[PDB]
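Take a look at the structure set out below.
Values in this text are rule-based calculations from the coordinates and carry no lab data. Cβ coordinates were reconstructed from backbone atoms using ideal geometry, including for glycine residues, and neighbour counts include every protein chain displayed.
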Amino acid sequence: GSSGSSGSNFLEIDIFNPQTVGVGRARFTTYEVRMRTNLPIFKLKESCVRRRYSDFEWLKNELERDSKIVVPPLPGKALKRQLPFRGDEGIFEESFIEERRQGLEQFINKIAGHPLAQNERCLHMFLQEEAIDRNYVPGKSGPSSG
């Protein structure tokens with residue numbers, strides 16, 4: 001085959017395929033982060049990787065380092081625990097998953113739009129790359145100098 005289709009640049013990410021991990025309680029789920037762009041900045045045109053909300057919290061933060069970068073808020077709220085023992089107070093409903101599933105998608109959908117982010121590597125690493133490598137080695141990093 002050959003194929004060949006294009007027209008107008010478009011950078012968007014999809015969040016679906018909610019898979020549950022672990023067993024017992026305070027369990028969590030993931031989402032298939034499938035991005036699709038036609039920009040050069042991105043080495044790959046399309047890639048599918050697995051990621052969760054808690055993960056995004058690592059990425060987002062990575063953006064909230066220092067670079068006049070405007071990162072959007074994460075969909076969720078929780079802060080009332082002295083010691084790391086408790087988590088979710090029994091929550092199992094499509095709505096919830098949807099909320100986050102959609103939320104993130106939106107957050108990234110906008111985050112991706114960000115130019116300062118489009119250059120960021122962590123972003124890509126959080127996309128193309130399936131497994132993040134905390135304290136990775138920077139190289140190439142899109143069109144450097146300029």
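Checking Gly1 against (1) free of Cβ contacts under 8 Å to residues at least 40 places away in the same chain; (2) surrounded by 14 or more Cβ atoms within 10 Å (Cβ to Cβ); (3) not aromatic (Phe, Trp, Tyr), which single condition isn't satisfied?
(2)
Considering the stretch 131-140 alone, what residues qualify as being farther than 30 Å from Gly24 by Cα and either within 13 Å of the chain's Cα centre (by Cα) or of a type in the set (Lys, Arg) (or both)?
Initially, the stretch 131-140 is screened for residues farther than 30 Å from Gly24 by Cα, giving 135-140.
Correct list: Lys140 only.
It is to be established whether one or more residues within the stretch 38-50 are among the polar types (S, T, N, Q), over 13 Å from the mean Cα position of the chain (by Cα) and under 30 Å from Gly7 (Cβ atoms).
Restricting attention to the stretch 38-50, the residues satisfying the condition of being among the polar types (S, T, N, Q) are 38, 47.
Subsequent filtering for residues that are over 13 Å from the mean Cα position of the chain (by Cα) retains 38.
Going one step further and asking which of them are under 30 Å from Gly7 (Cβ atoms), we end up with 38.
Checked against the condition, which is being among the polar types (S, T, N, Q), over 13 Å from the mean Cα position of the chain (by Cα) and under 30 Å from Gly7 (Cβ atoms), the stretch 38-50 yields at least one hit.
Quick test of your reading of the structure: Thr29 fulfils all but one of (1) under 17 Å from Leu123 (Cα atoms); (2) in contact with a helix residue (DSSP H, G or I) (Cβ under 8 Å, 6 or more places away or on another chain); (3) hydroxyl-bearing (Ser, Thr, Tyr). Name the failing condition by number.
Result: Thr29 passes all but (1).
Residues checked against (1) within 15 Å of the chain's Cα centre (by Cα); (2) of a type outside the set (A, V, I, L, M, F, W, C); (3) surrounded by 12 or more Cβ atoms within 10 Å (Cβ to Cβ):
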site: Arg100; (1), (2), (3): yes, yes, yes
site: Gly103; (1), (2), (3): yes, yes, yes
site: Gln106; (1), (2), (3): yes, yes, yes
site: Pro115; (1), (2), (3): no, yes, no
site: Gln118; (1), (2), (3): yes, yes, yes
site: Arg121; (1), (2), (3): yes, yes, yes
site: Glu129; (1), (2), (3): yes, yes, yes
site: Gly142; (1), (2), (3): no, yes, yes
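Identify, by number, the condition in (1) touching a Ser or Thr at 6+ places or on another chain (Cβ under 7 Å); (2) under 18 Å from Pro18 (Cα atoms) that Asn38 doesn't meet.
Answer for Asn38: the failing condition is (2).
Would you pick out the residues in the stretch 53-89 that are surrounded by fewer than 16 Cβ atoms within 10 Å (Cβ to Cβ), without any contact (Cβ under 8 Å) to a residue 60 or more places away in the chain and either within 16 Å of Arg27 (Cα to Cα) or within 15 Å of the chain's Cα centre (by Cα) (or both)?
Of the stretch 53-89, the ones surrounded by fewer than 16 Cβ atoms within 10 Å (Cβ to Cβ) are 54, 57-58, 61, 64-68, 70, 73, 76-89.
Then keep just the ones that are without any contact (Cβ under 8 Å) to a residue 60 or more places away in the chain; that gives 54, 57, 61, 64-68, 70, 73, 76-85, 89.
If the condition is that a residue be surrounded by fewer than 16 Cβ atoms within 10 Å (Cβ to Cβ), without any contact (Cβ under 8 Å) to a residue 60 or more places away in the chain and either within 16 Å of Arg27 (Cα to Cα) or within 15 Å of the chain's Cα centre (by Cα) (or both), then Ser54, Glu57, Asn61, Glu64, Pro73, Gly76, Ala78, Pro84, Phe85, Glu89 are the ones that fit.
Applying the selection to the stretch 50-74, what residues are farther than 23 Å from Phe96 by Cα, in a loop (DSSP other than H, G, I, E, B) and not basic (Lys, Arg)?
Matches in the stretch 50-74: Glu64, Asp66, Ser67, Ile69, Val70.
Taking the residues in the stretch 18-39 that are in contact (Cβ under 8 Å) with a residue 24 or more places away in the chain and within 23 Å of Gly113 (Cβ to Cβ) as candidates, determine which candidate is surrounded by the most Cβ atoms within 10 Å (Cβ to Cβ).
If we take residues in the stretch 18-39 being in contact (Cβ under 8 Å) with a residue 24 or more places away in the chain and within 23 Å of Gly113 (Cβ to Cβ), then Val33 is surrounded by the most Cβ atoms within 10 Å (Cβ to Cβ).
Looking only at helices (runs of 4 or more DSSP H) that lie completely in the stretch 87-146, which have at least 2 residues being touching a strand residue (DSSP E or B) at 6+ places or on another chain (Cβ under 9 Å) and farther than 18 Å from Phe10 by Cα? I'd like the intermediate steps shown before the answer.
On the way: elements: 94-113, 115-119, 121-126.
Counting at least 2 such residues, we get 94-113.
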